[PDB]
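Residue numbers for the sequence shown follow the deposited numbering, so the first one is 326 and each next one is one higher.
What follows is a set of notes on a single structure, which appears directly below.
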Amino acid sequence: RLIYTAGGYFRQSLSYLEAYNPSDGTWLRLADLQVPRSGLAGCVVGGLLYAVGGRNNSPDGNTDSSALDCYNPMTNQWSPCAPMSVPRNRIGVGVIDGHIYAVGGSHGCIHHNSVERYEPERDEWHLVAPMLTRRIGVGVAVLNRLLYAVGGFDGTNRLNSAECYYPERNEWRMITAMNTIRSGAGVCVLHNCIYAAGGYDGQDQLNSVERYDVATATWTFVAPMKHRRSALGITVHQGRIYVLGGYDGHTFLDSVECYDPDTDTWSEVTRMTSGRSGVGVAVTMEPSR
């Protein structure tokens with residue numbers, strides 16, 4: 326398995342699909358996205374890598390994207406899927422029962438609280454209950470088949486609140502808020518906790534990391550990252566968290582940091598081939614040859 330980073334932003338949106346091998350340290354250059362996109366999210370269902378939402382920021386135009394695209398590491402090929410009902414820049418996504426939930430994001434000046442669900446067997450999207458809050462730059466994680474939306478920006482205020490979606494009741498309920506306001510944080514699940522790393526509170530990019538324990542319904546800080554960063558990519562690979570790129574108020578970072586929960590330590594493991602923010606990141610099998 327490899328860590329795939331798709332799209333991103335550096336002076337314009339990007340079409341890179343690159344895969345990192347934590348063992349031998351290589352970055353593999355794979356098939357470009359059909360359309361350059363930043364602020365997208367990545368996920369894996371089956372073994373297929375999906376790139377969801379985002380925005381094409383190009384010298385010739387600036388369009389938010391509703392697109393859903395699917396990458397097969399067996400063929401090194403992208404294929405389009407049916408699009409979401411609306412464009413969603415700075416989206417969050419999560420996977421439950423082989424279905425992709427697309428959460429929040431923006432379209433122009435519209436800040437979504439809508440959520441919709443993709444069924445790959447039918448190549449079909451369907452709207453579900455909207456969140457209690459409009460959230461762009463929202464982090465999303467799935468724990469115990471429940472979907473969590475964490476932080477973000479409602480168009481006026483950045484958020485430390487978090488809410489939880491129950492699919493069997495089709496409803497959202499607020500949970501304990503994070504200690505820190507974060508939009509554009511990296512949010513993932515590791516072991517049995519939700520981690521929220523970095524982000525932007527409207528004043529500073531953050532290096533703090535905190536984790537939600539569902540059993541105690543409390544957020545606790547862990548060791549901070551070495552580099553403050555907002556709009557970072559994040560994923561889990563072999564029991565460790567990897568954060569990729571992001572923006573620190575001055576630079577689009579290429580730093581990749583890795584969190585070992587056994588030692589509560591972050592270390593810098595690699596650099597991306599070029600700094601960028603707003604990537605989509607996920608883990609799946611190595612490509613053919």
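Every residue, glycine too, gets a C-beta built ideally from N, C-alpha and C.
Cβ distance (whole Å) where residue i is taken to contact residue j below 8 Å
| i | j | result |
| --- | --- | --- |
| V440 | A366 | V440 to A366, Cβ: 13 Å. No contact. |
| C513 | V547 | Wrong, their Cβ atoms sit about 13 Å apart, outside the cutoff. |
| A474 | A487 | 7 Å |
| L339 | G332 | 6 Å |
| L557 | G523 | 5 Å |
| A542 | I500 | 7 Å |
| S555 | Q530 | 5 Å |
| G429 | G476 | Between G476 and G429 the Cβ distance is about 10 Å, and since that is not below 8 Å, they are no contact. |
| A521 | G462 | Contact flag wrong, Cβ pair sits at about 12 Å. |
| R380 | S391 | Between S391 and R380 the Cβ distance is about 10 Å, and since that is not below 8 Å, they are no contact. |
| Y375 | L393 | 6 Å |
Sheet register partners of residue i (DSSP bridge)
| i | result |
| --- | --- |
| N387 | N382 |
| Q402 | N397 |
| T609 | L327 |
| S508 | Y525 |
| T543 | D538 |
| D587 | DSSP output for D587 lists no bridge partner at all. |
| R554 | The partner list for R554 (beta bridge, DSSP) is empty, contrary to what the question assumes. |
| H451 | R442 |
| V581 | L569, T595 |
DSSP state of residue i mapped onto helix, strand, coil
| i | result |
| --- | --- |
| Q337 | coil |
| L531 | coil |
| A521 | strand |
| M409 | coil |
| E593 | strand |
| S486 | coil |
| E493 | coil |
| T560 | strand |
| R614 | coil |
| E446 | coil |
| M499 | strand |
| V475 | strand |
| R565 | strand |
| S599 | coil |
| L457 | coil |
| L515 | strand |
| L468 | strand |
| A392 | coil |
| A548 | coil |
Residues near residue i by beta carbon distance below 8 Å, same chain, minus five either side
| i | result |
| --- | --- |
| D448 | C406, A407 |
| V608 | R326, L327, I328, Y329, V369, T560, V561, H562 |
| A356 | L342, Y396, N401, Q402, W403 |
| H516 | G564, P586 |
| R470 | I421, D422, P492 |
Contacts around residue i, its chain only, beta-carbon distance under 6 Å, and the 5 residues preceding and following it disregarded
| i | result |
| --- | --- |
| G423 | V370 |
| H432 | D389, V411, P412 |
| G372 | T609, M610 |
| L353 | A344 |
| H575 | none |
| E444 | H424 |
| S602 | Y334, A556, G570, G571, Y572, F577 |
| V360 | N381 |
| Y490 | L472, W497 |
Cutoff 7 Å; reference residue i; Cβ partners in own chain excluding five residues on either side
| i | result |
| --- | --- |
| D579 | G570, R596, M597, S599, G600 |
| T458 | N438, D479, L484, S486, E488 |
| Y537 | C518, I519, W544 |
| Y426 | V418, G419, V440, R442, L472 |
| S533 | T505, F546, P549 |
| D526 | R483, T505, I506, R507 |
| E496 | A454 |
| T588 | none |
Which residue spans inside the segment 412 to 436 form an unbroken beta strand (DSSP E) run of at least 3? 417 to 421, 424 to 428
What are the start and end residues of each continuous beta strand (DSSP E) run of 3 or more residues lying completely inside the segment 349 to 384, in chain order? 352 to 354, 366 to 370, 373 to 377, 380 to 383
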